[PDB]
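Below is one structure, written out as structure tokens; comments come after it.
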Ligand SMILES: Nc1ncnc2c([C@@H]3O[C@H](COP(=O)(O)O)[C@@H](O)[C@H]3O)n[nH]c12
Ligand SMILES: Nc1ncnc2c([C@@H]3O[C@H](COP(=O)(O)O)[C@@H](O)[C@H]3O)n[nH]c12
Ligand SMILES: Nc1ncnc2c([C@@H]3O[C@H](COP(=O)(O)O)[C@@H](O)[C@H]3O)n[nH]c12
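Protein chains in written order, with the deposited numbering: chain F, 8 to 127, 134 to 149, 168 to 436, 447 to 484; chain A, 8 to 127, 134 to 149, 168 to 436, 447 to 484; chain B, 8 to 127, 134 to 149, 168 to 436, 446 to 484.
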């Protein structure tokens, strides 16, 4: 069975089950009719199952590639959802295993039923539905159908945007003004015929395009009230645009959003936000490129102990560095005056200043250069879900030197230019630094 | 007071006290005569004291330099030992503060007496000596006279080498064969009139030079029997040679040697040794460039908690990388097949294999690429003492894939070439990644 | 089946499999030929299996013996390797269970194949070998064939000595000069016709005997360069000599060496080395007999938590004490002036002095008397592997009293040797129940 064939059968089996489930739900709601146990046990409401086998024999397999590899011979399977949404991804991944290892692809109904909430009111019916309907050999991919549907639903909820509009290159900010600037620059790019950017999905619903009646409707103020972490997508025909998510504040929220965004398998996400500068030689407006993180955020301690080192992705580091040279003033070694590369402390205690003594030893021990509340969490999540990551913050205050609580446009530009550099980079973006011993074949 | 003047007064006060102490000791040994309390209380056996003051006013001070900087106005002092041995260092450091800040230098006797053992019997004398003789602002430097004398004495003991022969660029190895190769290459370089290398200090005493009668006396086999960590110095006229220390095995020993070597203020130390490859795609003989460390060595947990991130020094990382391209085969992106960049696990349990299950979770969580017993320790110590560091290991076995327990020359060459690249690098070697908030002015 | 019979069948089955494996390896290397799955599944490359059963019925079994006992009825099994090397041991152990409990012995092929590396080319073969060949009830013994072969190979590597030269009485030292003194005394004993010592296996290869051409070749200086922990064996006809291992420095190394030496089932191992004296009344050259250890070595925390008490073996303690009286002058309570019995601190931080304050509280809390870097580790390992242990250190410095870093070396080593003698004559009184676990394997 081939890639194109596998995709088509997945679409078929999936479409069939969702329709069969929607059908049964309608029947129950109108005539209190229930589905037959036999049909269900036969895959009536089941997710498609994708299996890929490898015999182990191959001339010279990709020993250096970061993804799309086999660590051993055997069968790798996974339930699948929304094949259309994941068409590109699934195609590309299956193609790599097909052409580089001559793997045996096969599709068939799984043993897992689709929870009815994902195929769609009242509350009395809620009692019956949950009673008679579905509610809530190595891994071929990181997440299974259940986990993916779970996160897609949630993404829309926190983002106020359809998941089909998310681009592979993500930018995260903890400062509102950045989206204003992003949207402005975005609309501007859409009007330029030479720019690949043809649309702008906005949190709330707005869909700005070149044929739009007064693109002022871009930023809906009501967006921040109904969505915890509003997103904005600058789309391109080939889906290689830029997504910007205003994550808000705190490690808790940073963890939450990454938990979901991870299922879309981004190519990279960068943290472009504010931070407090801890060094006297630092000036408000300066940049900090994190080369390491002092994880005082707690939120991920249980799944990733604080002593597990979270490294820097060299490719992303150069990108941020180079992009900073270009956009910010003249290049050379002069950047040093405006850019500091060092360790960033991420805390879950905004008011850490009320306890400086207790913190001072840590800052000193870590040679801390800046402090924020999202960096380490985003980076750690990137690391956990094999999503290249990077952090370039901008000093907005100097807590330790009597300057507690513009460069916005420039800062955002550095982020965007970095994206550009990484996009052209092609596959050099992905390395083996994030690969696990039991790494799934799919990227 | 000027740099040259300060150095001269330091030499004087120091020379005087050591002679005065040596004198008093001889008098006691021969005639049981004791020193007079008044003279001592007047600085008879005291170390010289170096004080540097800064008013705070200066046009535009070095805001980007890694060392020789003032974080605030005030006086910085420190006791000093062996001014001749530290002549270059002290001169350079004082010149920087003198010319860039117009700092006020001053020398005077301290309140600290030189422990008699450092200026050099039955149980009867030792009893008297320790009874009647000395026994064992902001800081201007990292270590004080007592701490420095303590380490110099120890360095000679573990190394079997005079401290005056140590060079600024250090190489560490946990494999004996590396010194054989190093000495061979070393003697070879001494015979070449175009090579800056003019001498080779050897563990045990040997001093090979171009005018030597059969330089076969180089490696004294008795060296490993009388010295725990034998060193070899390839010296140059300007003292910019290469020092190689065979550290032996274990985190304990790695910690010990660095504790002392740190007082000589090296420019950099690289770990060039063996390790176990943890990945199936790794082949014996491949190289591992550490970008992070999983500190399971324990030995430094109390002074530097395992959650404090130990970063990579970019400059050292590139030098190790480039040096690997040059020396090892052809350049390009092909290095990837021979070189893996990733996280190294340093353990204090050589037989960790006897407990794979317990370890496996850690290896996986850290994306471990290799495992040794000294790396993280050496790097952590470098970090602690502000000594740029780096690690480039060579896979000598594959514990997880059966194969358990020429390239040596190549490996060593990579280390040496890296040193060369860093030496030419000049000051770009030192960055601010290791600076503390209360960083002493002296490098 | 009887002891002698079991030994013979073990030798047979083992010899057969090793030869069968060596054969298959040769075939692959020369003709790329692979073994047949059926033969292997039939015990072609398999280790012998030793099983001992007990019905539970017996007049009056040894209720006080430290080893060779049954806690309950049932079958006890274990894979076995190098039956020749372990002939004495295996025979003695099987004899005890046979005659004291009338146990049912039986030998047969196991389900475990011998990893090819233990029966010993190039690099392009390593890939194939590891692909087509074997790579790297209740237990009858502490270690199985896999674990034993693993350690034997390693012992030779760290020691620079063939495993069959190791004696039951082991001495550990962290000071080079002790081997010089040991070898000297050793050669001397070999020349004396009244001494049971007939040979001296040396690290590196040398095999000194009475018929040797200038026994100066004893200590090969190159030994410390090619072997991390050089050993020296003073052998006797009945293999009851003394083995000396120069372990070097650190808890890591102390742990490593004991991990391997334990499979040879020593009768005892003593730590005879230097330490720092922490008491003002202590004089350089004094002795310290450890009655307890403050484990600040870390290296064994995971498998043996620091709060599990590591006790002193009374028999070993008396031997060390008496030996000290004899060798170090006259007996009586006059030893007190030269010998202090107390708690020893074992750390993995040689430069602990750089943090005295942080340590002071601990030293004080434990009534610490000395500090070193190997004792607690050696002792803990002995405890873990049921190998009687003891520590008698010699103060080489006084870190806390201005005396920071030999005739006494010879005396110290003599105390160690005399202690061994006392323990050797002690017979079985050496082994007690203080090290027995609830699920203790029948074999010593
Ligand atoms: N001195 C400081 N301490 C902690 N967090 C921050 C920040 C960042 O700014 C945000 C905090 O916002 P407020 O400064 O409005 O409380 C956080 O998302 C955090 O990443 N800037 N300066 C900081
Ligand atoms: N699989 C492994 N596990 C732990 N350490 C090592 C080493 C290294 O090898 C040395 C240990 O030597 P041996 O392999 O001779 O015991 C240590 O210095 C350590 O850094 N190589 N392979 C290793
Ligand atoms: N004051 C002290 N602190 C720690 N270890 C030791 C030792 C022992 O001496 C050895 C250390 O050697 P060096 O004293 O040459 O560094 C270790 O094996 C250790 O057991 N002697 N004195 C010591």
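Built from N, CA and C at the ideal position, the CB exists for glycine as well.
- Note on geometry: alpha-carbon atoms of residue 375 of chain F and residue 86 of chain B lie some 54 Å from one another.
- Using beta-carbon distances, residue 381 of chain B counts as an interface residue toward chain A, with a partner under 7 Å.
- Under DSSP, residue 289 of chain B shares a beta bridge with no residue.
- Not a single C-beta of chain B is nearer than 7 Å to the C-beta of residue 300 of chain A.
- Judged by DSSP secondary structure, residue 188 of chain B falls within the alpha helix (DSSP H) whose first and last residues are 176 to 190.
- The residue among A:15, A:38, A:122 and A:107 with its C-alpha nearest the C-alpha of residue 47 of chain A is A:122.
- In this structure the region 347 to 366 of chain A does not lie against the region 304 to 312 of chain A, because fewer than three pairs of beta carbons, one per stretch, are closer than 8 Å.
- Under the 7 Å criterion on CB atoms, residue 148 of chain B is classed as interfacial with respect to chain A.
- Relative to ligand 2, the beta carbon of residue 205 of chain A is positioned inside 6 Å of a heavy atom.
- For residue 373 of chain F, the nearest CB of chain A lies under 7 Å from its own CB, placing it at the interface with that chain.
- Of F:313, F:414 and F:484, the smallest CA-CA separation from residue 334 of chain F is found for F:414.
- Distances taken from the Cβ of residue 327 of chain F to the heavy atoms of ligand 1 include none shorter than 6 Å.
- Nearest to residue 419 of chain F by C-alpha distance, out of F:140, F:199, F:386 and F:23, is F:199.
- Ranked by how close their Cα comes to the Cα of residue 410 of chain B, the residues B:201, B:50, B:145 and B:137 have B:201 in first place.
- Residue 143 of chain B sits away from residue 270 of chain A, with the two beta carbons spaced by 7 Å or more.
- Residue 387 of chain B counts as exposed, since fewer than 16 other C-beta atoms from the protein chains shown sit within 10 angstroms of its C-beta.
- Under a criterion of Cβ atoms nearer than 8 Å, the residues of chain A adjacent to residue 434 of chain B are, in order, 139, 143 and 148.
- Taking a C-beta distance under 7 Å as the contact criterion, residue 228 of chain A and residue 221 of chain A qualify as a contact pair.
- Relative to ligand 2, even the nearest heavy atom lies 6 Å or more away from the CB of residue 456 of chain F.
- For residue 427 of chain F, the shortest C-beta to heavy atom distance toward ligand 1 is below 6 Å.
- Residue pairing by DSSP places residue 277 of chain B opposite B:204 in a beta bridge.
- Put simply, the backbone Cα of residue 339 of chain B is about 11 Å away from that of residue 325 of chain B.
- In this structure, residue 148 of chain F sits away from residue 285 of chain F, with a CB-CB distance that is not shorter than 7 Å.
- The DSSP-derived three-state label of residue 334 of chain B is coil.
- Between ligand 2 and the CB of residue 405 of chain A, the shortest heavy atom gap is smaller than 6 Å.
- Taken atom to atom, the span from the alpha-carbon of residue 236 of chain F to that of residue 255 of chain F is near 13 Å.
- Here residue 44 of chain B is exposed, its C-beta having fewer than 16 other C-beta atoms within 10 Å.
- Our two residues, residue 452 of chain B and residue 272 of chain A, have alpha carbons roughly 44 Å apart in a direct line.
- At a Cβ-Cβ threshold of 7 Å, residue 368 of chain F and residue 289 of chain F do not count as neighbours.
- Proximity to residue 145 of chain A across A:429, A:311 and A:31 peaks at A:31, based on C-alpha coordinates.
- Interface residue (Cβ-Cβ distance to chain A less than 7 Å): residue 283 of chain B is classified as such.
- Shown here, residue 303 of chain B sits in coil according to DSSP, grouped into three states, outside any helix or strand.
- For residue 210 of chain A, the Cβ stays outside the 6 Å cut-off from all heavy atoms of ligand 2.
- At least one heavy atom of ligand 3 is found less than 6 Å from the C-beta of residue 307 of chain B.
- Around residue 335 of chain F, the beta-carbon contacts reaching into chain A at under 9 Å are 396.
- The beta carbon of residue 381 of chain F sits closer than 6 Å to at least one heavy atom of ligand 1.
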